[PDB]
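As a starting point, one isolated chain is supplied in structure tokens, in the form deposited in one PDB entry.
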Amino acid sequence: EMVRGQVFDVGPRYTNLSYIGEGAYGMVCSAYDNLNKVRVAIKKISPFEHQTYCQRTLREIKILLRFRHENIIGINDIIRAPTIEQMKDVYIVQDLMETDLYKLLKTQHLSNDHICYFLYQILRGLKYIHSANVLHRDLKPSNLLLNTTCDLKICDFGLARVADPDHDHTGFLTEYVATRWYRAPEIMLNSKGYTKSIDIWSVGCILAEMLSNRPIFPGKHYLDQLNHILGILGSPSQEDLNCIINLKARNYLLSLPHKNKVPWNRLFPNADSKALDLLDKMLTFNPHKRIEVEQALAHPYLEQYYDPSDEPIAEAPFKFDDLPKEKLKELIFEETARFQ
């Protein structure tokens, strides 16, 4: 069958296709799985015309095949031609979810009980990812899927990287890829986004969004983003400026008139007080003082859900993090053999 003028050769195991979502290099559809008797999500990927989408495809497949967690999307099946030459697209079968947090946030008011449960699930998923030495780098509401009982799952590992704190520093205003509204401020100033602290910042942004149903730092352009953050957080202290050695970055910060911190209580007067305290910790301008994932789970805001024993970590971390689209087709092919 075909969806929206796109051929969908996922037969014959899956039938009754329905459109779900779209990607730059692909399309997401719903279908009935005959061999398991339930509805599922199938993701048609055609990345072979670009070396960039291939990296993402490879990255994503390798990670998801290696991860196994309640709060992380899994791969049920991988469909593709039986030969290198015939392989035009690749179909990823996954559990069908009811919605995503992005959609939910535009239509629904979240109760405190919901915010707490969702935050806990994101943290539980995040802890497992960070324990594998992996950075997601693209956490946002659209990448968080929900089912009808409010089980949360993390998806889209295309931009994921192995953590590299040693190689993180960079110059002022260095190009980034991740979604702007969830960019930590150090990305703009001196960071490549090779630390776990970047995911924490995005999750803080997600917390604020769940609190108000609006993005907290909706910057129009790359540097605009910085101003949105500083507008709320206020001018960084001396200690935090001392952490930024690049003169271009430091001098820009010094050139800004002093900005006073806007209290969270003023921004979210209906918010739970324990929630706002955690929000403050996650949205800390200094990455080094920013709360870590395990500490966040231990915060009193989440105490009704906190159980260290029931928050697993990865068995095998990722050891290490130019290939043309050709050799990238070969690997994807090699990584997908399991399912044929």
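One rule holds for the numbers: they count along the sequence shown, beginning at 1.
In terms of residues present in the deposited sequence but not modelled, what lies between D9 and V10: none, 1 to 3, 4 to 9, or 10 or more?
In the deposited sequence, nothing is left without coordinates between these two.
Averaging the C-alpha B factors as listed in the entry, name the stretch that ends up higher: 239-247 or 139-147.
According to the entry, 239-247 carries the higher average C-alpha B-factor.
What stretch has the higher average Cα B-factor here, 287-295 or 38-46?
According to the PDB entry, the answer is 38-46.
Given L276, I313, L65, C54, identify the residue with the highest C-alpha B factor in the PDB entry.
Highest C-alpha B-factor among the listed residues goes to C54.
By the CA temperature factor listed in this entry, which of these ranks top: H167, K103, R183, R161?
Most elevated C-alpha B-factor of the set, per the entry: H167.
Ranking every modelled residue in this chain by its Cα temperature factor as given in the entry, which third contains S202?
Within its chain, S202 is a lowest-third residue by C-alpha B-factor, going by the deposited values.
With respect to C-alpha B-factor, does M87 fall in the lowest, middle or highest third of the chain as deposited?
Tercile = highest for this residue's CA B-factor.
Ranking the modelled residues of this chain by C-alpha B-factor as given in the entry, is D280 in the lowest, middle or highest third?
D280: CA B-factor falls in the lowest third of its chain.
Which third of the chain does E303 land in by C-alpha B-factor: lowest, middle or highest?
For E303, the deposited C-alpha B-factor lands in the lowest third.
Would you please rank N270 by its C-alpha temperature factor against the other modelled residues of its chain and give the third it falls in: lowest, middle or highest?
Ranked within chain, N270 CA B lands in the highest tercile.
Just so you know, the form deposited with a partner chain bound exists too; it's not on screen, but the next bit is about it.
Would its partner chain be touched by all three of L119, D156 and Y301 in the deposited complex, meaning a heavy atom each within 4.5 Å?
Not a single residue of the candidate spot has a heavy atom within 4.5 Å of its partner chain in the deposited complex.
Can you pick the one in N242, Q86, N147, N265 that has a heavy atom within 4.5 Å of its partner chain in the deposited complex?
Partner contact (heavy atom, 4.5 Å) among the options: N147.
Could you tell me which one of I75, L104, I79, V162 places a heavy atom within 4.5 Å of its partner chain in the deposited complex?
Among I75, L104, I79, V162, a heavy atom within 4.5 Å of its partner chain in the deposited complex occurs only for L104.
I'd like to know if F67 sits close to its partner chain in the deposited complex, meaning any non-hydrogen atom pair within 4.5 angstroms.
Looking in the deposited complex, residue contacts with its partner chain do not include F67, since no heavy atom lies within 4.5 Å.
Is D310 close enough to touch its partner chain in the deposited complex, meaning at least one heavy atom pair within 4.5 Å?
Result yes; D310 sits at the interface with its partner chain in the deposited complex.
Does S237 reach its partner chain in the deposited complex if we count a contact as any heavy atom within 4.5 Å?
Because no heavy atom of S237 falls inside 4.5 Å of its partner chain in the deposited complex, the answer is no.
Is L110 a contact residue for its partner chain in the deposited complex, using a 4.5 Å heavy atom cut-off?
So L110 counts as contacting its partner chain.
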